[PDB]
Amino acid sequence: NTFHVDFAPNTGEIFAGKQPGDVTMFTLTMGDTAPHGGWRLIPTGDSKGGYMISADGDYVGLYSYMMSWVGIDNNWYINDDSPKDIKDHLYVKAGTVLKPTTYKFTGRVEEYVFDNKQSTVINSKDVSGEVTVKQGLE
């Protein structure tokens, strides 16, 4: 139906070492023309807390442009009631060291409405993806 969510790895290449600037790991598009109050992304499994987890066992924090992180609630959220798509990127900060391995994210997107000074979920979707960082030519 009207609710839609698309979570994908970035369509380009990520290279190992110190990131020379903020680097997008994943894109998140979500929208609904039906009435609603906002959206949240809840990291699940080993991503709990807002992390990617690498095949080497390292946790790397992710940041959002469009959403705000609330650690109390293990979620990013944005309050938006418009019918237009929200286009966000989850990124790693400039200077972050990445290793040439696979980094995974798993989470759940929820769309919610407001009532009784709180909120109620009206739709949800599990999302996941991975980026395999390349060494680059040496």
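Note that residue numbering begins at 1 and tracks the sequence as displayed.
**Student:** Using only the Cα atoms and their B-factors as the entry lists them, report which of 2-10 and 127-135 averages higher.
**Tutor:** Between 2-10 and 127-135, it is 2-10.
**Student:** Going by the mean C-alpha B-factor recorded in the entry, which is higher: 53-61 or 81-89?
**Tutor:** The deposited B-factors put 81-89 ahead on the C-alpha mean.
**Student:** Could you check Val109, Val97, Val113, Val70 and tell me which one carries the biggest Cα B-factor in the deposited entry?
**Tutor:** By C-alpha B-factor in the record, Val97 ranks first.
**Student:** Among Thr102, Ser47, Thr29, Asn74, where is the Cα temperature factor highest, going by the PDB entry?
**Tutor:** Out of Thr102, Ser47, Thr29, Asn74, the record gives the largest C-alpha B-factor to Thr29.
**Student:** Taking the chain's C-alpha temperature factors as the reference, tell me which third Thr120 falls into: lowest, middle or highest.
**Tutor:** It falls in the middle third of the chain.
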